[PDB]
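# Below you'll find the sequence and an experimental structure to go with it.
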Amino acid sequence: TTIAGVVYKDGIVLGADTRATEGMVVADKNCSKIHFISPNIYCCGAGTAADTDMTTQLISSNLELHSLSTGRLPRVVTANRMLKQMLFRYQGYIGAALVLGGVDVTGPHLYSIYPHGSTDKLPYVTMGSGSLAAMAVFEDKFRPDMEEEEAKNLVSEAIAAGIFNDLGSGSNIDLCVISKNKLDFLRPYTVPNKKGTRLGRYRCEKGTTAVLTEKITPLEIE
Amino acid sequence: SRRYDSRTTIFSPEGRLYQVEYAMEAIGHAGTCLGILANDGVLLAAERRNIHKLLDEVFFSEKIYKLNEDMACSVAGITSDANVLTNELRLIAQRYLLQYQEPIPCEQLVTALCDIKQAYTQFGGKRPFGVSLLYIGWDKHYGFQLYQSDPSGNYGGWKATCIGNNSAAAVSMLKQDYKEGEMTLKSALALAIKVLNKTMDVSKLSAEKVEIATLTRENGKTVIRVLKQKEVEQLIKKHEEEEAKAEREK
Amino acid sequence: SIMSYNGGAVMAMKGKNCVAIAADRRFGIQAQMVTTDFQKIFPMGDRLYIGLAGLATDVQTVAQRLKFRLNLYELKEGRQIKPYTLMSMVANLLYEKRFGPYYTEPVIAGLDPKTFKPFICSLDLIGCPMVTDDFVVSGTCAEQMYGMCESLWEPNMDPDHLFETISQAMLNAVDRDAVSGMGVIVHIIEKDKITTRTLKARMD
Amino acid sequence: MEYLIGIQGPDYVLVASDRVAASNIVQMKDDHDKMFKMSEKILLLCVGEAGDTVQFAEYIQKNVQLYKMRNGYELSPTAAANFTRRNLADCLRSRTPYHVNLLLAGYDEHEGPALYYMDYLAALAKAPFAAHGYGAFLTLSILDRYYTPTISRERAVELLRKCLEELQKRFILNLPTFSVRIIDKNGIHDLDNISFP
Amino acid sequence: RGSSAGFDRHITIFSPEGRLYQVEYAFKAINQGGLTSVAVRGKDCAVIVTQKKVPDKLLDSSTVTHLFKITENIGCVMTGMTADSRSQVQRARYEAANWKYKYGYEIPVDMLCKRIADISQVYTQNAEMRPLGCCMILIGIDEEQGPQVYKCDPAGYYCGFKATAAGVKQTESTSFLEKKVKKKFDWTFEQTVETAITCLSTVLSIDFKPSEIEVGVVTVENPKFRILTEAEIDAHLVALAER
Amino acid sequence: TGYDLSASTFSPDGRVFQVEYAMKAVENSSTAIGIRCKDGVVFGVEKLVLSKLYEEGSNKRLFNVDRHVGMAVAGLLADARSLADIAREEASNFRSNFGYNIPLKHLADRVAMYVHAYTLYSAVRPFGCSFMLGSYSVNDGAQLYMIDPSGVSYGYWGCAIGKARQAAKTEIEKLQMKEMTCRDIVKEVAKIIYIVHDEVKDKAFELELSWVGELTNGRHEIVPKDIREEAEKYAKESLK
Amino acid sequence: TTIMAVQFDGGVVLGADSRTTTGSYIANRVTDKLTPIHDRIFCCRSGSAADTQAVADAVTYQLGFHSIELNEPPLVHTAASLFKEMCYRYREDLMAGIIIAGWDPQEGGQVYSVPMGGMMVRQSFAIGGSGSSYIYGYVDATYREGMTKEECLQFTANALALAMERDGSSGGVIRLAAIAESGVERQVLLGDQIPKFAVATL
Amino acid sequence: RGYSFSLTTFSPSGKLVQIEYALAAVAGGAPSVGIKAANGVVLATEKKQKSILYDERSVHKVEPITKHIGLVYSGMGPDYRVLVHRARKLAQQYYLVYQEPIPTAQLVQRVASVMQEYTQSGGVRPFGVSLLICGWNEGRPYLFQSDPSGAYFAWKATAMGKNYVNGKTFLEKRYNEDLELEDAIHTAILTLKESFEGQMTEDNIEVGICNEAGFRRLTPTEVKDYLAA
Amino acid sequence: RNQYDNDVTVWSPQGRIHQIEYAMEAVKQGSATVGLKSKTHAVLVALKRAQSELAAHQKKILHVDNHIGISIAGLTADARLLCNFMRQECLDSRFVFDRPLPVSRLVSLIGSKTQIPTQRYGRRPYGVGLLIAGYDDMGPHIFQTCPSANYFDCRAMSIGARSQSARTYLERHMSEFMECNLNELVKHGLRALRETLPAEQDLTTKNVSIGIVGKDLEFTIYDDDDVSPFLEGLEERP
């Protein structure tokens, strides 16, 4: 897994791959490692996938409560604190490593959360297996106050480096662009690798397979 | 605090439980309901008290409250306590199914709920469940069954009965008309329309007032079917025709 | 491998207005078979099926708990459950036991009751949903049937081709692992009907 | 160590058990009864770790007879099997796991005979024949060879004696005598104990 | 009209009209204290004024005060039973700090008053426990909204106000204020203070001295809650009496 | 009225009559006074001796809730002892957690909230005791707080509780404690108690005194008998 | 990591590096271990980042409540005592070493050191972390009674640079703070701003 | 801890007098109205304030439970706020479990279960409010009414509060199933105008609509635009 | 009228709790007993009542520890409850600190445990009055306890029916008790208790029990057999 985030001038860009692996065999080639916490806050998850998904769902619920109770949009520090307190209560057993990003009244805020409850507010972070390659790309080519296009290209290059240099990551690049005014969720932002066309046709004709029993049941419709 | 307490779960000098007596009285006010057993099936029938024109129909039935594949329960009394009891019943049946991987018998289900109702009578210092509700269903052991329940926590198996308003008149009509072991679902429907017309204050059963559901076995799979407005319209038309033919004779 | 104690394999595939779901029949201890009539696919609706592989006791327990919750849902709501909803319910159920988990990897397959749109999914040991558009697997011979399906599968297949595909895949896969086999059953789901067929397979 | 065997048929279930109770090198008892009847027409056979067997069996017996007294009709074998499977499965996660290997047998007037199998992990299964213990490895191949679903009860007893004599010749442990009893519509019937002098 | 049945007057249950007589008696308990408080918000500042009646010289005037500091940027004035008041401000402080610990930012006054009102609701709903005979007035600066004034009551009403009054002279004070806000005004800091002090002095006929009252403020320039000293209060008063 | 039988009720005019009835009780108790001064604080009690049998030091109405703070009570001495236990617990927990001697303001607030919890619920009656706490710290200074059964806590330059609260307050009001010091204050404390004591209604009293200040290095203690005798002599002589 | 604190007349100086490591990989090279518990009270954090952040937030909560209910500015001894009870009660779970410093009117500038195990010790100068080992000698030699604010700042910067060059876990940019009655003056030394010491250079 | 005996108990007639009395308080509550159009549903009520000093924007009688559900009340405001908070918690529990927005029917079932839980439980009074719940699920609108007893009914259109009998008569006179929400809003505003007893303005009332987009409470500007008719 | 009396959590309009006064009246009915002390010794003397001629008289005086003994009055069930509590307190003291528990701290604990129920609904005061007697490093002590949890410290005291005669006798003769031998002290207490008796009745070995504690002497109860020497030299009724 390779997730990455960056702060540009007037918002945040998050990026991630789509390869989910059970062991060393690919299970899902178009996974969504970008989750919804709030309309203005989004998160990307790595580590134990179930832990990440359920934690993000829980905090999304609590922030929905908080936001519609207050009548104002939720903040990022709230999510970060909820997450870190939960994860510390469970003492690292839930293996949810998260990069959390959102835009609120104070400004764009991006957090990296570790399973044991640590946090760090950064301008750019990377987590997962390709985190080191993505950090390399960012430490090389990151500059403060980038334009949106430059930030998108940077994050794409970083996720691509994690893809083409880590076994765990692959298959696609996903992007999410949060700003003060809009949210652009780009699921197939890039397709660096595709499956090659099958040269030979192996379609099996009818009767290729034997059968020892058959039982048809009609379904009533109205 | 002793001063502010009703002290529901106590006996009376005559030996009565006044709270469950009063709950029965409240059920006497509720919209009338009845169920009729037959050789081939059983049917619930109710008087839909909420007959206002503006009311929508966003539910399968107003009162029928299906519980399981093989049983259901119409209601008389407080709708809130009814909803709670129906939830408890569904939980009970699904617990039995989780345990034994067979559908629950109706007698066991009714016994469980009646024990729950009795508990509120005996201890807790809480008010009883002011609900009496019919049960219909099919079990392999005894087949089609009809059961009645009271707030007291006591139940009985009936071939045909009525609860709610004018239940006494309904039963007086049912005793003479019901034929033991000599009924079919059509005849039972007709008798239901008859006693509903006799018991209800409405001059004629509009087919908006009534709600009917039937229970039958088709191809080893029981079905619980709420009769549609056209069906019950045809039924009341047939009943009016029969009443006119009887009157025209004399 | 606690999952390899009972073995087993479950698979699902998608087609044009149709889904197919298949599973082996063997119930066996780590090397000893007991029965060739084990139910690993359980019906959770009119045209929605779930398929479980892993420890057989957890298979049965999960199916029972799921039928419990599902019947309550169908009674309270008054409608049949949607596949995505069942997926979410299963994930919650498995994550309730995140410590001391049910050792099973479910597979759900069905059509949306309103639009009759195909749906397939898989969940991890602890309830990680994984929706796909082509196929999903769970079991010991997963590594085999992944490549087998990657090759044979083609988009927008009709039910005939879908059956031949899933059959060839399951057979050529389970023939190549020890602890699964002893026949295989294939349920085909489409809007009008349900079709179930057992295949002739090597009982070795 | 202990050996159980079950043979379903058209109209009957045949079950057998070894009558040995052994703590260690020594054999304490030679007339141990591993068969518990939960009702008139269903039997429960239990083996495994000591104490867990009798505790669990008596618990299930209590619950089944309680069902009978409360509701007026006995449980079916399928219901009893799923009940004991639930109670066993709930416990393996708990601090008190019952390590018991079971084999249930019953006759239903409607559904006919039935034989169920569940291991200590509580994985249930309906089988035409089944066995437990290390001897099952030897005897299952006999049944797979000579078993037919139309088998008469005399032939079933014969097949049983074949399995047991193979155990006597080929199995290291000493299982001299075996209890036998048949379930059918009439009820549970005890038979002459199969012995090998 | 005002019928009664059972223990409707003795505990919090519905009368035949549904009035909950008890919470009304709790409202009377606020006026039992015998003091009055006034609040008013301007475009850039909010204030709260209240009487400071020392019955005995021996009492330390420093200790006695109905103005409290919930947070750095929140202050409140309590009217009614002093004990229930102190309980409520302690609970408010708890809720503020717990909000900070959980959600990572300073609680808004609206959420605080809503929490306090929900708490008072659980009192007026349950029969065991009486409603607290106090009403709270909160002032604070919301970054987006601006200055804010909210009042709580024993029942649970938690509305937001341009200006408010609480105590024995609540009706007279709000009659006074409704005329002022009906007329347009700029509502600067000095104008707000003058308006509040004039409302209090008019309803009471007191013609206050410096010690006779206390006042607290929040300004967008200085959002921290500040209780003005006797010197600043006298400075404002001398300005008022001159004009 | 039926509204007076529980403290979870309210009068139609807004009053919880149980609390008023409770403070009647402390008003039906022998008086006690505490007078704050520059150096520290002094306490004084009119401990009515019920019988010649009871020993000197019986029914002690002056407690030490902590080393740096003292206590003086009226009303039901049982409830007084209970609240002294509560205060000692609060002080101990505060020292254990925050590492230093508790401030008297916070202590009085905590004690008052514990009192105030009791006047709300019907399961529990209000306390029957009103009491004064007194402490001296070099940073905080002399501090005196009086508490009532209602749970209201206020600081006082001089406080009185009991039957003769009013006359005691007058005699204290003419005192001007602010300039004075403890060694002087003890004497007119004795004077005031000897004044308000009713020889006819109250048969006899044993003066109980306690002080705290810089002279004690911030340690509340009972008066040495030499000074107690000197003050009692001055009081009786001035009494005429 | 390396954290350091020194008491001068009328205040204190806090210094710490900006490196936190997971193994040999630097997850964050600009982390701020200096944490404000209160306006005049600060905390440096060593050990498990999770444990230190958690106990810091809880202490901030408790101390804010205590300060606001007292209506007086809190004490450094009080904050250190809170940290002490927390770290001692959870000494088994928490691998955390803390050093607390602040200013209060009653006692002035104060530094307390709460190492692992939950003991509390007031110190004139106190260092912590993996890198404090390498500079115990430097502080023992260099320290002198009566140092000033700028002198103590330079002392702390030199010490932290010496620790940073040697210790792999410590590194990054030096973050400094000085606390007094006036307020907090924070500054960050990076690159050439950091003091440099000549290598052997044979 | 708390009283453990029911304060609501059966009269010899058989009626829960506490429930009847809570319904009386609801009747004395402020007017409220709901109209289910084919394309949407509208919820409205009057927000009449005792004085101009009160801030209208401070508090809303129309509160959204979710994106696609919002409700309004007549009766006791604090009780309404307890209920709306618990309802939000219930809906989000459903969302955590099923990852699908709750149907309004299940929501009102659950909150009615709560309202039942209070009348039966000990040491408590019933909730002194009745709610109108609106929703858009399965491309269909809904309108429900939850009484203090804990009983939910479904209406095409209805009213609550003062003069609800006359309002319901007027509404039955003026209701058509084929209406769009644009005309439904006018009918609801007219219904409130029947019993408003004043010159209603954007501040004097509050309104919200539910549709395929979701639930939203109309701002005073567009409320004024609708009031122009 | 019945209001303000049925429960303990109800202050009267006159600022009193009637149930506590009633529990005290319960003690005023009980069997009489005396406690007095000197520089070195503390004595507890009791009239043990008999329900009938055949019945043995009630055990008024109890052991708590070697250095402490009590004499009860009123409800013996409440008495035995408090005595078990006190025994456990003293046992905990010896277990923990390996020291005798001081009498003052013990009565402080008793007052606390006796005060908690009288401030709560659905609980009653301990309707018992005690006289404590012990010897500690300070010296002999006599503490009185009431259902009202307040306790007292006294050179001499008597609680029970017709105790006022004993109290006035003790007030008259308090001067000498401080400097007395054990026999003289117990004889004084016995005369005091004799005043409480009806004029018809007279002290006997059967109806009297004595409990004595001192510096070397542990708490010792002298029953009917061994109580005769103490009363052997006593004068007749005037």
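Cool, the structure landed. Residues are numbered from 1 along each chain as shown, chains lettered A, B, ... in the order given.
# Give me the nearest residue to residue A:33, chain neighbours excluded.
residue A:16 (4.1 Å; Cβ to Cβ, 6 or more residues apart in numbering or on different chains). All C-beta spots, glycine's among them, are computed from the backbone N, C-alpha and C.
# Tell me how far the most centrally placed residue in chain B lies from residue H:202.
Most central residue of chain B, judged by C-alpha distance to the mean C-alpha position with Cα atoms, centre = their mean, is residue B:134 at 3.0 Å. Spatial separation of residue B:134 from residue H:202 under the definition Cβ to Cβ, to the nearest Å is 53 Å.
# Please enumerate the strands of chain E.
Listed from the start of the chain, chain E has strands (DSSP state E) covering E:36-41, E:45-51, E:67-68, E:74-80, E:134-142, E:146-151, E:163-167, E:213-219, E:226-227.
# hmm, I was thinking of chain B
Applying DSSP E to chain B gives strands spanning B:33-37, B:41-47, B:66-68, B:71-72, B:75-77, B:131-133, B:135-139, B:143-149, B:155-157, B:160-163, B:210-218, B:221-226.
# Out of these, which is closest to residue G:99?
For these, proximity to residue G:99 was assessed by Cβ to Cβ; strand B:66-68 is nearest, at 66.1 Å.
# Could you list the residues in contact with that closest one?
For strand B:66-68, contacts defined as Cβ atoms under 8 Å, 6 or more residues apart in numbering or on different chains pick out B:60, B:72-73, B:86, B:89-90, B:93-94, B:103-104, B:109, B:137, B:224, C:71, C:75.
# picking up where we left off before, okay if I get the strands of chain E as CSV plus distance to chain G?
Formatted as CSV, the strands of chain E follow (distance: least, Cβ to the nearest Cβ, whole Å):
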stretch, distance to chain G
strand E:36-41, 20
strand E:45-51, 17
strand E:67-68, 9
strand E:74-80, 10
strand E:134-142, 14
strand E:146-151, 19
strand E:163-167, 23
strand E:213-219, 13
strand E:226-227, 10
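# Surely residue F:20 is within a strand?
No - the assignment for residue F:20 (DSSP: H, G, I helix; E, B strand; the rest coil) gives helix, which keeps it out of a strand.
# residue of chain G with the smallest distance to chain H?
Using Cβ to the nearest Cβ, the single residue of chain G nearest to chain H is residue G:61, 23.9 Å away.
# Could you tell me which residues make contact with the nearest residue to that residue once chain neighbours are set aside?
The spatially closest residue to residue G:61, leaving aside those adjacent along the chain, is residue E:101, at 4.2 Å (Cβ to Cβ, 6+ apart). Residues in contact with residue E:101 (Cβ under 8 Å, 6+ apart) are A:81, G:57, G:58, G:60, G:61.
# what about the third one, how many neighbours?
Spelled out, that is residue G:58. 15 (other Cβ atoms under 10 Å in any protein chain shown).
# And for residue H:171?
Residue neighbour count, defined by other Cβ under 10 Å, stands at 24 for residue H:171.
# Count the residues that sit near the nearest residue to it once chain neighbours are set aside.
Spatial nearest neighbour of residue H:171, chain neighbours left out: residue H:157 (5.1 Å); criterion: Cβ to Cβ, 6+ apart. By other Cβ under 10 Å, the residues close to residue H:157 number 28.
# give me the element residue 54 is part of.
Looking at chain A here, since you left the chain open. Taking DSSP states H and E as the definition, one finds residue A:54 inside helix A:49-70.
# look at chain D instead
Once you assign secondary structure using DSSP H and E, residue D:54 falls within helix D:52-71.
# before we move on, the earlier item: can you name the two of the contacts of strand B:66-68 that are farthest apart?
Maximum pairwise distance in those, criterion Cβ to Cβ, is 20.9 Å, between B:60 and B:104.
# between these two, who's got more neighbours?
Remark: of residue B:60 and residue B:104, residue B:104 carries more neighbours, 24 against 13, as counted by other Cβ under 10 Å.
# if I read this right, that one contacts residue B:93, doesn't it?
Yes - counting by Cβ atoms under 8 Å, residue B:104 touches residue B:93, with 4.5 Å between them.
# Show me the helices in the chain, by range?
Reading this off chain A. With helices called from DSSP state H, chain A shows them at A:49-70, A:76-90, A:131-141, A:148-163.
# wrong one, chain E
Under the criterion DSSP H, helices of chain E are mapped to E:21-32, E:82-103, E:109-125, E:170-182, E:189-204, E:230-242.
# any chance of those in CSV, plus distance to residue I:197?
Putting the helices of chain E into CSV (distance: least, Cβ to Cβ, whole Å) gives the following:
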stretch, distance to residue I:197
helix E:21-32, 57
helix E:82-103, 53
helix E:109-125, 58
helix E:170-182, 70
helix E:189-204, 72
helix E:230-242, 74
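# Assign a three-state SS to residue F:211, would you?
Secondary structure assignment for residue F:211 (three-state DSSP): strand.
# re earlier: and the strands of chain E: which comes nearest residue D:188?
With distances scored as Cβ to Cβ, the stretch of the strands of chain E nearest to residue D:188 is strand E:134-142 (77.5 Å).
# name the helices or strands packed onto that closest one?
Contact partners of strand E:134-142 among helices and strands, from 3 or more Cβ pairs under 8 Å, 6 or more residues apart in numbering or on different chains; DSSP states H and E: strand E:36-41, strand E:45-51, strand E:74-80, helix E:82-103, helix E:109-125, strand E:146-151, strand E:163-167, strand E:213-219.
# Dump those into TSV; add distance to residue A:31 as well.
Conversion of those to TSV gives the following (distance: least, Cβ to Cβ, whole Å):
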stretch	distance to residue A:31
strand E:36-41	52
strand E:45-51	52
strand E:74-80	46
helix E:82-103	31
helix E:109-125	38
strand E:146-151	45
strand E:163-167	55
strand E:213-219	50
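# what's the top helix by length along chain I in contact with?
Using DSSP H, we find that the single longest helix of chain I is helix I:76-97. Outside of helix I:76-97, the residues within contact range by Cβ under 8 Å, 6+ apart are I:58, I:62, I:64-65, I:68, I:70, I:72, I:99-101, I:106, I:109-110, I:113-114, I:126-128, I:130.
# List only buried entries from those.
When neighbours are counted using 16 or more other Cβ atoms under 10 Å in any protein chain shown, the contacts of helix I:76-97 contain these buried positions: I:58, I:62, I:64-65, I:68, I:70, I:72, I:100-101, I:106, I:110, I:113-114, I:126-128, I:130.
# would a markdown table of the contacts of residue E:101 with distance to residue A:191 be doable?
A markdown table is the format used below for those (distance: Cβ to Cβ, whole Å):
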| residue | distance to residue A:191 |
| --- | --- |
| A:81 | 38 |
| G:57 | 44 |
| G:58 | 48 |
| G:60 | 48 |
| G:61 | 49 |
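# Which stretches in chain C count as strands?
In chain C, the strands defined using DSSP E lie at C:9-15, C:18-24, C:27-28, C:33-35, C:41-43, C:48-51, C:107-111, C:118-122, C:130-132, C:135-139, C:184-190, C:193-199.
# And the one residue sitting closest to the centre of chain C, how far from residue A:98?
Nearest to the geometric centre of chain C sits residue C:51, at 2.8 Å (Cα atoms, centre = their mean). Computed with Cβ to Cβ, the distance linking residue C:51 and residue A:98 is 32 Å.
# same question, residue E:107
Counting by Cβ to Cβ - residue E:107 and residue A:98 are separated by 26 Å.
# Those two - which one has more neighbours?
When residue E:107 is set against residue A:98 and neighbours are counted by other Cβ under 10 Å, the residue ahead is residue A:98, at 31 against 23.
# mind listing what the nearest residue to that one once chain neighbours are set aside touches?
In space, and not counting its chain neighbours, residue A:98 is closest to residue A:113: 4.3 Å by Cβ to Cβ, 6+ apart. Neighbour list for residue A:113: A:80, A:83, A:84, A:87, A:96, A:97, A:98, A:99, A:100, A:119 [criterion: Cβ under 8 Å, 6+ apart].
# Could you dump these into CSV and include distance to residue A:132?
CSV is the format used below for the contacts of residue A:113 (distance: Cβ to Cβ, whole Å):
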residue, distance to residue A:132
A:80, 24
A:83, 23
A:84, 24
A:87, 23
A:96, 20
A:97, 14
A:98, 18
A:99, 15
A:100, 20
A:119, 20
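# No more questions from me, cheers.
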